[PDB]
Amino acid sequence: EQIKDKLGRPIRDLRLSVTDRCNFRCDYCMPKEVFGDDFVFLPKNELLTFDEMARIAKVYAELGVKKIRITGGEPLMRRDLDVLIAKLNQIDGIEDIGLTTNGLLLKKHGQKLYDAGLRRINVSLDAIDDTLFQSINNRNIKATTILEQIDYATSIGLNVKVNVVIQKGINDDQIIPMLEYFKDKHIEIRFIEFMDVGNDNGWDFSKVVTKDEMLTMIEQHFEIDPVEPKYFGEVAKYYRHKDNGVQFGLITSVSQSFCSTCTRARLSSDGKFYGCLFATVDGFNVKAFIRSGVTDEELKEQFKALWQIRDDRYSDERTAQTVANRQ
Amino acid sequence: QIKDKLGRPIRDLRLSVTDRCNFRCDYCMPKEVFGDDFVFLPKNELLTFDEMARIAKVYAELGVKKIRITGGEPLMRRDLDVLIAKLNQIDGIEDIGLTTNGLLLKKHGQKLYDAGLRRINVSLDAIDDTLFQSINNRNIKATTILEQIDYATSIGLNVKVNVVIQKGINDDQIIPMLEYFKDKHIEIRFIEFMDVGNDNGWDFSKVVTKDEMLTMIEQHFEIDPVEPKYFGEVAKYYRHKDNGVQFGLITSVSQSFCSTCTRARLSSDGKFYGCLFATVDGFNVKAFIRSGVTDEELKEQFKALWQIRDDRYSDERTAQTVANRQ
Ligand code: SF4
Ligand code: SF4
Ligand code: SF4
Ligand code: SF4
Numbered sequence: 001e002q003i004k005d006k007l008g009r010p011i012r013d014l015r016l017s018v019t020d021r022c023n024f025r026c027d028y029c030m031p032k033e034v035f036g037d038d039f040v041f042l043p044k045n046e047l048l049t050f051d052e053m054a055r056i057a058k059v060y061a062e063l064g065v066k067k068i069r070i071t072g073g074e075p076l077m078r079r080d081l082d083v084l085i086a087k088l089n090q091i092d093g094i095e096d097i098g099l100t101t102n103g104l105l106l107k108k109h110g111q112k113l114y115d116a117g118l119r120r121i122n123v124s125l126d127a128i129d130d131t132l133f134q135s136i137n138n139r140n141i142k143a144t145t146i147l148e149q150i151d152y153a154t155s156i157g158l159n160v161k162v163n164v165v166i167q168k169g170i171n172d173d174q175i176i177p178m179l180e181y182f183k184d185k186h187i188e189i190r191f192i193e194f195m196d197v198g199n200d201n202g203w204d205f206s207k208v209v210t211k212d213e214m215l216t217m218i219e220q221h222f223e224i225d226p227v228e229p230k231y232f233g234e235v236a237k238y239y240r241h242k243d244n245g246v247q248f249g250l251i252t253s254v255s256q257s258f259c260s261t262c263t264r265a266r267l268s269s270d271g272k273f274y275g276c277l278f279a280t281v282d283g284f285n286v287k288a289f290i291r292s293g294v295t296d297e298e299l300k301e302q303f304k305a306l307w308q309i310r311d312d313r314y315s316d317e318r319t320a321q322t323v324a325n326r327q
Numbered sequence: 001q002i003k004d005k006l007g008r009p010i011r012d013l014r015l016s017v018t019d020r021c022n023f024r025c026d027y028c029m030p031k032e033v034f035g036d037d038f039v040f041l042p043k044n045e046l047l048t049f050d051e052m053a054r055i056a057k058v059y060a061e062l063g064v065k066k067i068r069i070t071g072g073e074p075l076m077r078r079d080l081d082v083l084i085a086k087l088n089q090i091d092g093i094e095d096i097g098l099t100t101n102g103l104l105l106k107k108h109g110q111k112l113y114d115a116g117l118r119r120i121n122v123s124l125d126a127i128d129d130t131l132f133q134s135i136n137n138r139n140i141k142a143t144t145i146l147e148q149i150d151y152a153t154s155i156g157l158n159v160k161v162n163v164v165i166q167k168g169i170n171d172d173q174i175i176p177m178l179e180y181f182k183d184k185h186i187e188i189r190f191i192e193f194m195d196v197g198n199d200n201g202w203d204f205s206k207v208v209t210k211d212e213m214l215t216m217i218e219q220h221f222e223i224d225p226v227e228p229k230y231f232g233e234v235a236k237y238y239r240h241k242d243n244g245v246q247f248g249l250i251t252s253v254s255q256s257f258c259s260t261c262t263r264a265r266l267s268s269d270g271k272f273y274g275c276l277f278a279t280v281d282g283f284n285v286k287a288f289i290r291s292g293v294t295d296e297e298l299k300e301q302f303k304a305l306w307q308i309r310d311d312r313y314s315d316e317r318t319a320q321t322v323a324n325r326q
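If you read the protein sequences in the order shown, they are chains A and B. Numbering (the numbering used here) for the first sequence: 1 to 327. Numbering (the numbering used here) for the second sequence: 1 to 326.
So, in structure tokens, the structure goes:
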């Protein structure tokens, strides 16, 4: 029931990638140069079905999983996503189901999602200036559009948090406007440090605004009290606006790596297992495993086996290398 | 550049130099355990200053740049100045530190300075005179150690103060001690208390975390964060907005830092440990060296001990505590 990996970390979260498609082409994720006109995405049948996803989640739930986060791609591009949600909403032990999206399709699908049980979403928005944000998504989408979508999602009863990845030299200046806009809207926003491994290969701080620097900027425009961790392994450092009372987080993904508390399992859109967001090599083929015909007991012992040999710790590895890189 | 099983390099050597002490702290060398009964290590079963020197030279070639002298109380070791001198003559040990309870600084502090000591850390767990004797159990007033800190400063020694905080015992010293050392222009640091429970996770009942520590301080003081002085700096630093004196908070438990841990350790009886915690007896350096061995062979041996190191005791606890809840 509680299974731990080789670093003593229990399994708690399941990340389900639902598609390899996206409606954006953001330079650090799906740059046009690689996913341009030529690129073949997965054939529809090479994706896991909703039934398969639900059966996988049922079994991980028996091994201690309690949260599932839906990702892609842009998840909202996957047709009938609401059916997935309904089926995950029927699984004992799963207490939270989240989704992250760029939000463009929230007016089109939000209600169906909500109807099937979706209550929380994370929206990725890397800027609030329209011209900057188009330079980031590369698909001519205005930030104003996404603001509108966020307000729709809110209006229908979704709780919305925003995630912002900051790259020094690109969206530095988005921090204060975005803090402001979402303080107004009583919405929790979170600024994430950019992860970029140089040639050495430790962390490339060239760009890279750390939590510490970000904080220096913030405190000059807003008056703030830190907010004590709700629980023990909690990733984001939170701070409160004295006003008001509205929270925002800072995610020290590079300056202060958190592999020691990382309880996350991942299934990719092509149905393979990964024990870390980074991975150069193909994972165990869960998809082909279950398609060969297997019992639930068989699946469960395989997921258990996969977690018990997990020792991923990519960021810590980059931190140790970075330190070693001071010869 | 030699690295361990977690890609951590060797950069720091901690040289324990005695097993003796002039205090008898309840939490460390209580009179129950180390009474007047106790036979400490005989002179001859301690590493000599020459083997220590020898071991530093070799570690230095594997990348060690810093040496911290400890023990129980380092200043009870014989002619500590002669060791400090020899260590100071090795390329390329850049730094030598020493942590003491400070009692003997008026006695030995100039000898040490003359020899090359420039930096020290004084352990002081209280500033209140009554409380403090209840801890050190040898009738030593905090004020006595304050005075030693002052003398050490007067002769050029750069001083820092380490306070470990336990919840039921120490709490109320945070603020007075920040006030006293802010006045004197001395960096003080408050360390979180490490203590494992039955379930083998952290025990927070005796902990005042960094985060809670900061709420007590921000009330009494006007404060700014201070950017890490370098990636993976351990102590979180803050400064008084007037004045400009910095203090530190060390998050032992609320945030394990095993991933940056580059510390090799040698005990008073001459054993190597890769971690401050460690049940089993460590590889016996004193017995090795004392047979017939060359520098190249010593180095090979240290190089091998380090390449096989996987210690991460605090992360282990951290992960367990996450597993326990629940
Ligand atoms: S929207 Fe998200 S998934 Fe799509 S390219 Fe941008 S970062 Fe990637
Ligand atoms: S780098 Fe991988 S192992 Fe570390 S916190 Fe991120 S997902 Fe977890
Ligand atoms: S002074 Fe230090 S070594 Fe001596 S008993 Fe106290 S804590 Fe232990
Ligand atoms: S617990 Fe051991 S490995 Fe971890 S930082 Fe402390 S001494 Fe180093």
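The beta carbon of each residue, even a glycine, is placed where N, CA and C say it ideally should be.
Measuring only between beta-carbons, confirm whether residue i sits less than 8 Å from chain A.
i, result
"residue 221 of chain B", "no"
"residue 259 of chain B", "yes"
"residue 329 of chain B", "Given a span of 1 to 326 for chain B in the structure shown, any question on residue 329 of chain B remains unanswerable."
"residue 172 of chain B", "no"
"residue 167 of chain B", "no"
Figure out for me which residue from the options has the closest Cα to the Cα of residue i.
i, options, result
"residue 76 of chain A", "A/96, A/118 and A/62", "A/118"
"residue 54 of chain A", "A/141, A/296 and A/101", "A/296"
"residue 121 of chain A", "A/96, A/259, A/258 and A/229", "A/96"
"residue 104 of chain B", "B/66, B/87, B/147 and B/115", "B/147"
"residue 14 of chain A", "A/93, A/131 and A/28", "A/93"
"residue 142 of chain B", "B/324, B/128, B/111 and B/204", "B/128"
"residue 20 of chain B", "B/2, B/4 and B/39", "B/39"
"residue 177 of chain B", "B/216, B/204 and B/322", "B/216"
"residue 4 of chain B", "B/43, B/322, B/305 and B/280", "B/305"
"residue 202 of chain B", "B/88, B/50, B/70 and B/313", "B/313"
"residue 220 of chain B", "B/135, B/173, B/250 and B/235", "B/173"
"residue 52 of chain A", "A/279, A/37 and A/87", "A/87"
"residue 215 of chain A", "B/222, B/33, B/263 and B/226", "B/226"
"residue 282 of chain A", "A/290, A/269 and A/291", "A/269"
"residue 125 of chain A", "A/109, A/166 and A/250", "A/166"
"residue 279 of chain B", "B/286, B/271 and B/285", "B/271"
Anything in chain B within Cβ reach of residue i, meaning under 8 Å, just list it in chain order.
i, result
"residue 9 of chain A", "319, 322 and 323"
"residue 194 of chain A", "Ordered by position in chain B, no residue passes the 8 Å Cβ test against residue 194 of chain A, which lies about 15 Å from the chain."
"residue 263 of chain A", "322"
Check the Cβ of residue i against every Cβ in chain A and list those closer than 8 Å, keeping chain order.
i, result
"residue 199 of chain B", "Correct list: empty, because the minimum Cβ distance to chain A is about 12 Å."
"residue 256 of chain B", "260"
Who are the neighbours of residue i on chain B, taking C-beta pairs under 9 Å?
i, result
"residue 247 of chain A", "Per Cβ cutoff of 9 Å: no residues; residue 247 of chain A is ~15 Å from chain B at best."
Hey, does residue i have any beta-carbon neighbour from chain B nearer than 8 Å?
i, result
"residue 243 of chain A", "no"
"residue 95 of chain A", "no"
"residue 92 of chain A", "no"
"residue 4 of chain A", "yes"
"residue 111 of chain A", "no"
Strictly below 7 Å CB to CB, what residues from chain A border residue i?
i, result
"residue 316 of chain B", "8"
To which residues does DSSP link residue i through a beta bridge?
i, result
"residue 70 of chain B", "B/16"
"residue 197 of chain A", "A/203"
"residue 101 of chain A", "A/123"
"residue 226 of chain A", "A/239"
"residue 165 of chain A", "A/192"
"residue 273 of chain B", "B/265"
"residue 9 of chain B", "B/3"
"residue 250 of chain A", "A/191 and A/237"
"residue 284 of chain B", "B/271"
Going along the segment 281 to 306 of chain B in order, which residues come within less than 9 Å of chain A, judged by CB to CB distance? none
Between the segment 215 to 239 of chain B and chain A, which residues of the former have CB atoms less than 9 Å from a CB of the latter, in chain order? 215, 218, 224, 225, 226, 227, 228, 230, 231 and 232
Selection of the segment 203 to 216 of chain A by Cβ proximity to chain B, strictly under 8 Å: 203, 205, 210, 212, 213, 215 and 216
Proximal residues, the segment 133 to 166 of chain A versus chain B, C-beta separation under 7 Å: none
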